[PDB]
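so I pulled this structure from the PDB, and the sequence comes with it:
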Amino acid sequence: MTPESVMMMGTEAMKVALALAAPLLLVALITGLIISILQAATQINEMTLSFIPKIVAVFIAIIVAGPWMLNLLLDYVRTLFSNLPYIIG
Amino acid sequence: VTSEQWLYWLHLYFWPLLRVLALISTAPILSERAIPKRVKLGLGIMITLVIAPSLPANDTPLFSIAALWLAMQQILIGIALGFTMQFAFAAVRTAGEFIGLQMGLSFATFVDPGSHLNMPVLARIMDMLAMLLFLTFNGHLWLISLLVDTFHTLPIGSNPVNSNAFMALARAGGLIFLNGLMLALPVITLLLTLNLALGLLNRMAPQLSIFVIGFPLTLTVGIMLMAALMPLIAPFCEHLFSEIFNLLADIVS
Amino acid sequence: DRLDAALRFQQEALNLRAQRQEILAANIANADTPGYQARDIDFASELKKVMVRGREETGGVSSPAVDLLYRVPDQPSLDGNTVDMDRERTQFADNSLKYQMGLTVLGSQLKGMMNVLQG
Amino acid sequence: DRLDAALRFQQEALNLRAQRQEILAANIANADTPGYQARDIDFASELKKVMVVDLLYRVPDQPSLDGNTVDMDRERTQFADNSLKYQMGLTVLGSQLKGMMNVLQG
Amino acid sequence: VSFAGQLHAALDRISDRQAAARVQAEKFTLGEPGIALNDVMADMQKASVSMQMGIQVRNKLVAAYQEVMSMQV
Amino acid sequence: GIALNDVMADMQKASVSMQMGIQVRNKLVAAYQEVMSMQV
Amino acid sequence: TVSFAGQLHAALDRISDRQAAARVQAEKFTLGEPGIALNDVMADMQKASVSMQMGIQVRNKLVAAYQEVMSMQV
Amino acid sequence: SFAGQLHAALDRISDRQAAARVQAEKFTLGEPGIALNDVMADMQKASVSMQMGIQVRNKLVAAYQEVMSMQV
Amino acid sequence: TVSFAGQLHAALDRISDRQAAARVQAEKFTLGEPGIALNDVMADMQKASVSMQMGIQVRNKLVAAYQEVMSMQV
Amino acid sequence: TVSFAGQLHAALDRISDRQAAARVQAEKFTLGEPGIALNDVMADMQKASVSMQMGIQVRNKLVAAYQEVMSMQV
Amino acid sequence: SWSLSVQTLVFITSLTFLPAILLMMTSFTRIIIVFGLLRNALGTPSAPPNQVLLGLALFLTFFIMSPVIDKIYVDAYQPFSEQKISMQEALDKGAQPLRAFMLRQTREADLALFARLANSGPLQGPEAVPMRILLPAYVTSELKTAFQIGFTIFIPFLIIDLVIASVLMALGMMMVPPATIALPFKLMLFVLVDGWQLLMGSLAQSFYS
Amino acid sequence: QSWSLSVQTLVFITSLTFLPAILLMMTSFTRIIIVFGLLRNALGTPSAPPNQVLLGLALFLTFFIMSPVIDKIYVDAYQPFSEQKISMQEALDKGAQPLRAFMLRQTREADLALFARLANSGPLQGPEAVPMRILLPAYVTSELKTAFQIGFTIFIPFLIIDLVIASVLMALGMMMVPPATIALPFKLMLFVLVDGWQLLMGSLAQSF
Amino acid sequence: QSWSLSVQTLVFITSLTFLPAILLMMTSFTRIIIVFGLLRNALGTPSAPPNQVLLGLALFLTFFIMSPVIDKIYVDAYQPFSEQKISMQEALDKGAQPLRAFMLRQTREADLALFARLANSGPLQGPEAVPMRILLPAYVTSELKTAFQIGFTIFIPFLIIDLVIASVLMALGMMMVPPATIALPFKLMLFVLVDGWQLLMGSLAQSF
Amino acid sequence: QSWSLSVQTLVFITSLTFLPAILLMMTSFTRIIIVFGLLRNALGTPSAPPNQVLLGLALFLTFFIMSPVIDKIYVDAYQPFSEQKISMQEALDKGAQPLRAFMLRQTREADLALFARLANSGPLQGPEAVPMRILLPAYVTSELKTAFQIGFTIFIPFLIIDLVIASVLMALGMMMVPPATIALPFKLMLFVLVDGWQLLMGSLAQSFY
Amino acid sequence: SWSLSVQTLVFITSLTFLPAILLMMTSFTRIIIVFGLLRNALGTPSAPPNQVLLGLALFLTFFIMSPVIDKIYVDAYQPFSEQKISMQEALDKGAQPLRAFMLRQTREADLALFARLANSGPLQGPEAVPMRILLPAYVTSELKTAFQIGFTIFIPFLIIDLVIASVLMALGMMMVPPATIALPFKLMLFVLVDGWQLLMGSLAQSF
């Protein structure tokens, strides 16, 4: 009820969002950086060949860590809906 | 006996109802479409039932241009109060949308302005957070109390009016921008530095950077930055509400 | 103000009809009382008078500010009352129909207004 | 039912008036029977008893030789009065029902 | 004192008039002396008129409430 | 005291005035919502 | 444990038994059975009519309220 | 033009109403030469004309609202 | 194999037969055919009117319900 | 080629013709014409009223259908 | 007591205000506001059709207001039906359990504000609060509670859209709308975590707590 | 014991007011209409088939699905009531049985358990002890959940097409094009080459 | 057997109530309306022709297409009824046949089989005896499928134009130039030059 | 032969409902608003002047365009109606002819031929004998085609500006600069200096002649 | 003076056209278009909500109509009570200040075009321009004025965007999008100079 509880609500929610999005974004960033440094080493420059492995890497990311995200988000939503009638004002 | 003078009761219960309902239809949270219309009408009716008997009853007939002037006055007062209150949420929405646009979340606006493709999701997040904070600080009760109080300052009866006062509400349009800049400032600046950092990377081997490495990094950095910045809005939320409230108190009179 | 002024003539005429019928009923009630002169009012003159200057009362025992005039007797009577029953019952029926006419006109005007307002 | 309690008094009065009307007409019909006693009921007491019948003999006025105590004038007046009161009870009960109806109509 | 108070007062007055007329009618039907049929019938007439007045006031009042609740906010 | 003639007439006049006020406010509110439902 | 459906069933029963009692009284009075009076027959019929008007008005109010509640938008 | 025709129609309807009201007012005072049936017929004709005006206003307002609600 | 249109057709036809029977009975009574009583003629006419009014009310309820069902935003 | 406008014009002409015939017969009866009876005048007026009411109801249904069809979002 | 005609008239007139009692004195407002907000959240403004949600809200309100209705029936309707309590006293007796139910769920701040706006004297205990103060205080408290519940409801459905947009933006697909992708995932979430049982139980507890 | 004919007429004509409510809450109309709306959202165009066509088609589908239940009601309740062999109340009680079975067969256990918890129900026992006022909201909740389960998996192929087209377009280089604009004709192609309408009706019918 | 006059007019008004449903689900209005909406979406102009204009065009096209069916109904069914030659029941039965034939001409056998198998209908010999309750949903489904086919095919030339302009812009290096702004005027020019409106209406009419 | 007063009133009020349909399918309005719907797209601001401003401006322009037709209808048909020298049927027959001529002069022959063939009409001797059922949809089709022609032609100078600005931006190596935002103010410049609105309305009015 | 019921009908009917009066007769279109163009300038099409912009334009319109409202009050509101002039002579007398304002804000070319569109040859004087010719001409003039003000607003933001892009290109960066960098600088320039208050002051001065 108190504004401290509200702002905590937003923080924990958006940290959950950060945890959900961090693996995919970080995998894409690492793949892009690796392809870019390889291009710099080989002196190859086409703006389209960096887009190819990124999709494959990010799609594999759901294969490997997808169940973890799905279990984390469901637990968050379940706990939020269960604690809903105790943060009422 | 068995009089029950109806015109007296109607004139006593009408104009306060007009002002209360005019505030209701525009005041934030009390004007959200999710509330059924009958609930809003009943709240206005009950508030008027509580308030009106204490006020001096007016005797101007409903079939006169004086009644039209009175109705216009009540509508103006109600919409002015509600809109001045709404300005703070407008400012919060502006700050959130700008943080989100510096995230690169909606890049299609820079190339196709107003092209039916825009999602200010951060703006919505902080808008609903601001609504929750406003509910917590009981701002709506204050709004109702000030709606009641503006009578003593400005009675139902037609009273003369001023000018630059309207400018003040219009000049409040500056606040939406001015306060929005500060909220952002605590994050956009660092994001700016990050973009500057990306520039240093592009000053190296040409191409092979930006649109491939900049976007995910800046998205994650914006996310964690403003996630850490979330505790900061609440003092600024109270500052915004106080600014709107004392501006209203000073200018309505 | 405007609506009050527009409906004021028929309302006042209907009130004067009611008072005239009260007077006629009083005449009918006292029809066998010895020494009772029948009373009646001039409807048109009193209606214009109430029109120009608002309704007023003698007290308020209360009674209207109307002028109670005496009816001219038809034929003499030993007891000494001038209530001739034919005249009383003709005026009663005529006042009845005119009051119903006033009700009809006022109701028609009020519907003629709800028709405009209703939407 | 509450509806019965409102209309109980008038219904009982109407029924008692009908019964006493029958008794008075029986007294009229048997006027010529030698040895017939004129019988009647006390309306108020029986109305109390039903709201909360016994026949009472009429006090003879003139002594006849055949033992008949029925008097024409007394019972004719009572018969007319009972008819009038039956009509009045019908009027009152109908007015109450009509009021209960116009309350509901709409 | 208030509008609800005035309506309650009007209802009480109408009910009291109706009960008085009914009680006088029952007293006349009882056979108690001094009660005239003229007064009974006139009082029943007045009670009926008062009931009809109350019905009309209720009808209008309900119509006005329905009109107010139909307002779009 | 006040008769049915006056009671009914003022009762009707009040009903008419209340209906007029309701209709005028509805028109004003509809115009305001049409203005605010704009697209700038 | 109150039951609105049970209360409606009880009220409908009250009306229906009142009507049936009046009808059977009229039945016996037409058949010529002694002990039945015409004024009682008419009074019971009118009581049944009043009860049915009660039921009709309550039905109208309930249906109007339900329709206005269900015509609302969330 | 069109506003002129609307103004003329409104003037005719109001003249109808005024004539009926004046005739009824004169008849209320007991003035001779005015009959009850004529008063009632004039009142009903005025009511019919006013209802026609109301209906025309409703149709015109609905048409204007439908036109102004189009998506350019 | 239950078709609602079939039941509506059956009810409509039954109303029609009742109306036609009442009309023919009145027709025959007017022509002075012995064996027809006025009271039965009026009773059957009133029964036909009751049946037609019941059909009218059922149609009104069905049409209203169809319009409320058919106007929802999908 | 059947056209709906032609059918509507024909129906309107039939309604107008029936109304005009009833009005003419009533006018002639008022003027003291011998070969016209009051019952026929009243029956013809009632039939014209019924026909015009049917026309009004058909117009209402047609207008409702048109306003429903033209309110689509295509 | 009143005449039977007056009692019937009052009963028929009071039957009119049933929607007002349902909306302004009952648990209906919070549930309907929460349902509207949730429908706004999932991105399907016409999904459970208004009638379905209205029926569910009516059944929920009937299940929630059961003890109050039971207390009214046992204390007011039963003595009134048995001719033990007059018609003008059954209303007063039955208005007390509803008043208590409205009080418990109301808030001090609203009560203080509406006690000040009426210029009434000090209210040392809750037993001095009239209905003219409790009614709008209860209404405002219910509105605020419903909006709080809906606004904490809204957060996950916007979180999903945020992460969807960020993931789409990582790969450079800047012209893909995020709402169209997020809607199936929001439906999947609301299916997985017992979308309705948890919400139903949370609302019911929110009343009984 | 039987109700009077006037009471029967009053109840019968009053019950017709709940016909839209019965059709929506108690029958299969809700699930079909929700699935159709979700499919319209998934097609890429929000109002291609007018709401009227979808509503009529959903009504026909609901009638065809519920025809066995309607036949059972007619055999059990309507026919013996119309022949004046059972009373109105007993006919309603008998006819509530097949509809209760239909509602139970598609009811989630958790929904029924929760709504029995909220209604203070204690020793329930046989599946034939659940009252109508408890069974109905549980059925509505289960129908909403099932409709959402169907919709979110109806969404899948169109998301696949959208993602494939966007990925191909951006990887090829044309990143300034709107992928949805090019994708909509392909969504229509997929829907018409699979026979999406016929298969969707088959799946909706076989869901019961 | 002939319905009395009051029953006849009750039936007539109740049937007039169902007019939009008949127009949408029995005539060619739905397919034309769907194709028009898809075409408007295809030009990149979501609100250029107002909805009322397209609705009126679809209504007139439907009237022209259904003129032979209306003529058959008039000649075979309505005309004898208006001359009191036949009753209303047999007139309606005779008028059903031409409309039924028209709807069967434009339905797909697979959808008819689906709705027959779903409704548990017994084997039906030939197209002569197929209930309207079976034919109507199948015809609606077939119309939906055909409309989607036509719209998807229509979407092709504008897709060609968009792709060619996007490629021309991209091969010039213009990386941040959106192709919609350049494509919209050329889409309008293409639709104007081929006499698009009359050609598309003629194609829709010819397909019926 | 004249219709009764009741039938005349019924027909008049019924025909009053077709006012938007008549305005769209029979007057100039369809060509105007559609062009506006495209012009706001050419300027790069979909917001543009508000929708209601454009609609009312189109309405005023339509009235000015149809002033001669309205005057001819008022003179030939409605004036005898008001002065009692004509019936309602004859007035309806006579007043449509100037509007039919106005519709025919802007009707392309190909569309008219298409709708004839589609109605299986017999040999029409001359324009004067063309049925309204054939003239209305053909006029609407030709109207749409003409509006699209005008809109595409309007789209030209703004395309010129966009191409020039994009070429200038790319020739300087400023490849990452979106040219839409830069070229929007120059489109506003072009519309201001040349007096775009007045020129466009004059061109539309002259086009109808 | 005509009937009261007809007066009520006319008044409620004229109440419907209130958005038309606000848009076509007052200046509301000018402020709303200026706000839309300014929002398009900063690069954020949803930063202030459309509701807030509409309300700000409404308040600005109310102030800038306050002199005309005062003239209406003097010429129409007051004498309608003293009954020196009423009904006809006054409604037109009260509308006269609107005519003066719209003549002031209307260009001559639009009026000339709309006159030759109505074949009104003998329109010689400038205070007897009919409403049919005055209204659309005034609307077109308002559109032109709003577009000019929008371009003037556009100039500094376009300059800032161009400067940012030029410095990015000169510094060696060829891939960094200049919009992301230039957006916060656009905002800090807009706030620091206090763009909003000067913008409203100029709009009020713009009449």
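Here it is on my side, so go on. Numbering: from 1, shown residues only, chains lettered A, B, ... in the order given.

format the CA atom coordinates belonging to whichever strand or helix holds residue B:43 as PDB.
Element membership for residue B:43 (DSSP states H and E) is helix B:37-51. The C-alpha trace of helix B:37-51 is given here as PDB (Å, rounded to 0.1, in the frame of the first residue of the first chain):
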ATOM      1  CA  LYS B  37     -21.100   5.500 -16.400                       C
ATOM      2  CA  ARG B  38     -23.800   4.900 -13.700                       C
ATOM      3  CA  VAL B  39     -21.100   4.600 -11.000                       C
ATOM      4  CA  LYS B  40     -19.700   8.000 -11.900                       C
ATOM      5  CA  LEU B  41     -23.200   9.600 -12.100                       C
ATOM      6  CA  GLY B  42     -24.100   8.100  -8.700                       C
ATOM      7  CA  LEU B  43     -20.900   9.300  -7.100                       C
ATOM      8  CA  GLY B  44     -21.600  12.800  -8.400                       C
ATOM      9  CA  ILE B  45     -25.200  12.700  -7.200                       C
ATOM     10  CA  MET B  46     -24.200  11.500  -3.700                       C
ATOM     11  CA  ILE B  47     -21.400  14.100  -3.400                       C
ATOM     12  CA  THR B  48     -24.000  16.800  -4.400                       C
ATOM     13  CA  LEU B  49     -26.500  15.400  -1.900                       C
ATOM     14  CA  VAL B  50     -23.900  15.800   0.800                       C
ATOM     15  CA  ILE B  51     -22.700  19.200  -0.200                       C
END
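
now check that helix, is it near chain F?
No: judged by Cβ under 8 Å from any Cβ of the partner chain, helix B:37-51 makes no contact with chain F; its nearest approach is 10.8 Å. In short, each C-beta sits where N, CA and C put it, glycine included.

what's the answer for stretch C:82-97, then?
No: judged by Cβ under 8 Å from any Cβ, stretch C:82-97 makes no contact with chain F; its nearest approach is 13.8 Å.

buried stuff in that stretch?
For stretch C:82-97, the neighbour count (16 or more other Cβ atoms under 10 Å in any protein chain shown) marks C:82, C:83, C:84, C:87, C:88, C:91, C:95 as buried.

which residue, other than its chain neighbours, is closest to the last one?
Nearest in space to residue C:95, with sequence neighbours left out and distances taken as Cβ to Cβ, 6 or more residues apart in numbering or on different chains, is residue C:21 at 5.0 Å.

what's the following helix or strand after the helix holding residue B:43?
helix B:65-102.

distance from the chain centre to that following helix, please.
With Cα atoms, centre = their mean, to the nearest Å as the basis, helix B:65-102 stands 6 Å off its chain's centre.

right, is that helix up against chain K?
No: legend: contact between helix B:65-102 and chain K by Cβ under 8 Å from any Cβ is lacking; minimum distance shown is 8.9 Å.

contacts for whichever helix or strand comes after that helix, please.
Where DSSP H and E defines the elements, the next helix or strand beyond helix B:65-102 is helix B:108-111. Residues from elsewhere that reach helix B:108-111, judged by Cβ atoms under 8 Å, 6 or more residues apart in numbering or on different chains: B:101, B:115, B:117-118, K:174-175, L:176, M:176, M:178, N:178, N:180-181, O:43-45, O:177, O:179-180.

mark which of the residues you listed are part of helices, please.
Among the contacts of helix B:108-111, the ones falling in helices (DSSP state H) are B:101, N:180, N:181, O:179, O:180.

is there a neighbour count for residue E:62? I'd like the number.
Counted with other Cβ atoms under 10 Å in any protein chain shown, the neighbours of residue E:62 add up to 15.

so it, which of the three states?
helix (DSSP: H, G, I helix; E, B strand; the rest coil).

give me the nearest residue to it, chain neighbours excluded.
Using Cβ to Cβ, 6+ apart and skipping residues adjacent in sequence, the residue nearest residue E:62 is residue K:16, 5.8 Å away.

just confirm the one you found contacts residue E:61, I think it does.
No: counting by Cβ atoms under 8 Å, residue K:16 does not reach residue E:61; the two are 9.8 Å apart.

please identify the helix or strand for residue B:212.
Judged by DSSP H and E, residue B:212 forms part of no helix or strand.

isn't it right up against residue A:34?
No: here residue B:212 lies out of contact with residue A:34, judged by Cβ under 8 Å, at a distance of 10.6 Å.

any residues in contact with both of those two?
Going by Cβ under 8 Å, 6+ apart, no residue sits against residue B:212 while also sitting against residue A:34.

which single residue of chain E ends up nearest chain L?
Proximity of chain E to chain L (Cβ to the nearest Cβ) peaks at residue E:66, 19.1 Å away.

could you name the helices and strands sitting against the one helix or strand that residue maps to?
Using DSSP H and E, residue E:66 sits in helix E:37-69. For helix E:37-69, the packing partners by 3 or more Cβ pairs under 8 Å, 6 or more residues apart in numbering or on different chains; DSSP states H and E come out as helix B:37-51, helix D:72-104, helix E:3-30, helix F:4-36, helix K:4-14.

dump those helices to JSON lines, plus distance to residue E:37.
Formatted as JSON lines, those follow (distance: least, Cβ to Cβ, whole Å):
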{"stretch": "helix B:37-51", "distance to residue E:37": "49"}
{"stretch": "helix D:72-104", "distance to residue E:37": "7"}
{"stretch": "helix E:3-30", "distance to residue E:37": "7"}
{"stretch": "helix F:4-36", "distance to residue E:37": "26"}
{"stretch": "helix K:4-14", "distance to residue E:37": "23"}
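
and those helices: which comes nearest residue B:188?
For residue B:188, the closest of the helices and strands packed on helix E:37-69 is helix F:4-36, at 30.8 Å, according to Cβ to Cβ.

which stretches of chain A form helices?
A:3-42, A:51-83.
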